[PDB]
Amino acid sequence: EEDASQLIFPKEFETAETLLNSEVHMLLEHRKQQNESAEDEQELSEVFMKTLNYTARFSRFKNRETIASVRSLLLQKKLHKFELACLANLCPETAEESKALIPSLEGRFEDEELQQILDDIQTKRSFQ
Amino acid sequence: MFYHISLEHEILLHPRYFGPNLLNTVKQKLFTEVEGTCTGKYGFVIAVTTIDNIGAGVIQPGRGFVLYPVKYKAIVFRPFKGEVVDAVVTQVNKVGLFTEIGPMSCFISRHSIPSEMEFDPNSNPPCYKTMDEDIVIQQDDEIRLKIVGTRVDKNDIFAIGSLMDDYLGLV
Amino acid sequence: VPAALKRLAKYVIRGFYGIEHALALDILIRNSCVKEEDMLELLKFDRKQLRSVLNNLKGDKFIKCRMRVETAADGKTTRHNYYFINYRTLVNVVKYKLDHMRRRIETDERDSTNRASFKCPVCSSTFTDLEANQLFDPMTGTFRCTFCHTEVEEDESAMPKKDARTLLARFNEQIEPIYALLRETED
Ligand SMILES: [Zn+2]
């Protein structure tokens, strides 16, 4: 009934906002910071550690300002909220690669313009 | 896919917890119950980002408990059929490959694995390698798999990873 | 009554019905309409036996019946059942009975993919491939049955799959004469 490729989601997943792994890491880090405070409180569950490592491993942006800048530029482009997370998560190097992964992305914009959008993410991306 | 959504949960607070710090206990009790539990509709729940509001505590007639409906914002991850998500291989076996994606764990059957891949029992660390060794998949590697289907049982969800589709596997 | 219609009806009755059905059809071919009572004497069949065949023929609408009521010479009421062949309605039923098999053949192609291969020998219950991983016990490292705690095999389900494939080619060959006749009866 629900397919990511077909952009079909249930009524619950309609107004939901998608957060990038780097954005997710910041929120989880804030939880960790609060965890240290208020000693003797409940210790965070092991599931929290698993996700925190996962988001940190795939974190494409280590700077808070860059994450905001990427989101601001993406907001100008008329892109679906779910597709924005995939675009900023997978970070395809080529326009053709992005189109193949997401069949629904075909026809949204011009191929030449699609490649430029991906290239911009690379410039903001920090290589270590 | 990671989603930040608002969830409805009900807390039954024992009368012993009444008095000062009642709402603190309700908030604290919310984290313990929600965290570490998964449901098919929303999948695994990582943590509660914040609590939107605590509803009026309706006393249960006879029971003595007070039912507190809580609107809390939490981030959850749910496997979507026909979707490609990065995965980390935990264990390698001839029968199939086990991979963990955050709290969710995915199992890859031998049939779904590409034909050219063959189990490497001789090597001390079990792994899948080709004849030409162009691509090698072993434990603790980042690979891409397609979620063929989603199954939920006993508050646990584990999907099937298939590497038949192109642009999959170790990159 | 074009000769093509007569031959088409004969070819189908002798292929999927008993000799009883075919014999009654010949009477309706020689004469456009024949009384039910008259047909009974010629065939010498039992009263119930003839009705059962006629009901089956009427069930498939290969022939239609009309009731004529008249006063006999002795004054008693007479209710004669007159049977006749409706080619226009008959051809549709033949097409309906043929397309369903063709669509059933198409369905057989999809059934082969969803067949359940895993099965427990103890409880003799077959489980789908997707359901197989549900019962997978990590401690054992192999498929198992929760009810029986016994190993689950999949080799027994491979043999019957190939049998259905052979029927596809044969069905299309034996049915060509019927299809050819249908094309000749479109006018
Ligand atoms: Zn059994």
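Here is the naming used below: chain letters follow the sequence lines, and residue numbers restart at 1 for every chain.
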Is the B:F98-B:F107 ring centre distance short of 6.0 angstrom? yes
Taking the ring of A:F9 and the ring of B:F80, is the distance between their centroids below 6.0 Å? yes
Would you please test B:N93 and B:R110 for side chain to side chain donor-acceptor pair (under 3.5 Å) and show each step? CA-CA 9 Å; B:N93 277 349; B:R110 185 75 203 281; over 6 Å; no
Between [X] and [Y], does any side-chain donor sit less than 3.5 Å from a side-chain acceptor?
| X | Y | value |
| --- | --- | --- |
| C:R170 | C:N172 | no |
| C:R66 | C:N81 | no |
| A:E83 | A:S104 | yes |
| C:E36 | C:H80 | no |
| C:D137 | C:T140 | no |
| B:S123 | B:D120 | yes |
| A:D119 | A:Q115 | yes |

Do you know the tightest heavy-atom contact between A:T94 and A:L118? O-CD1, 3.1 Å
Mind listing the closest non-hydrogen atom pair of A:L87 and A:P92 along with its distance? O-CD, 4.0 Å
Does any non-hydrogen side-chain atom of [Y] lie less than 4.5 Å from one of [X]?
| X | Y | answer |
| --- | --- | --- |
| B:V85 | B:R144 | no |
| C:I178 | C:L98 | yes |
| B:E35 | A:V47 | no |
| B:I160 | B:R151 | yes |

Geometric cation-pi criterion B:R78 and A:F13, 6.0 Å radius, 45° cone: yes
Report the residues that fulfil ring pair (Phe, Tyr, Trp, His ring centres under 6.0 Å) with C:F62, sequence neighbours left out, ordered by chain and then residue number. none
Any ring-ring contact (aromatic ring centres under 6.0 Å, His included) pairs touching residues 96-122 of chain C, not counting sequence neighbours? C:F118-C:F143
Please confirm whether the backbone N or O of B:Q138 pairs with a side-chain atom of B:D141, one donor and one acceptor, at under 3.5 Å? yes
Look at the side chain of A:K81 and the backbone N and O of A:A16, then say whether any donor-acceptor pair between them is shorter than 3.5 Å. yes
